[PDB]
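Engineer: Below you will find the structure I want to go over with you.
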Amino acid sequence: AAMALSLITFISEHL
Amino acid sequence: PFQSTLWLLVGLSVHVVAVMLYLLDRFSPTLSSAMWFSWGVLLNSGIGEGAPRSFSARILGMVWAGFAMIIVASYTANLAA
């Protein structure tokens, strides 16, 4: 469940 | 309590996330540094000074600590059982 936790938030940091 | 099949995955599960943490924090507004970070948590040794400056590694580091804690606590119960 934590493997994709950073992937979702990775996009949000760009904007 | 834990068969050799478990120890087969322990040595890789901790290692595979090490490169991932280096991948996430670097490309956001090295390999050796992350290797000491994750492994030290499992053995509870204060080795290295590398810290998760990026927020993504911190939240992943937070849940990662809980993964180590259950292993130690559960294994103690099995031996006492």
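Lettering and numbering for the structure tokens are positional, with chains as A, B, ... in the shown order, residues counted from 1 in each chain, and ligands counted from 1 in the shown order.
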Need the shell around region 24-39 of chain B: protein/DNA/RNA residues with any atom at most 12 Å away, counting only C-alpha atoms. Skip same-chain ones fewer than 4 positions apart. Format as a PyMOL selection string?

Structural biologist: (chain A and resi 3-15) or (chain B and resi 10-20+43-65+67-68)

Engineer: How many Å separate CA of residue 70 (chain B) from CA of residue 5 (chain B)?

Structural biologist: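 Distance reported for this atom pair: 18.3 Å.
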
Engineer: If you run DSSP on this backbone, which residues of chain B come out as helix (DSSP H, G or I), and could you give them as a PyMOL selection string?

Structural biologist: chain B and resi 4-26+31-43+55-80
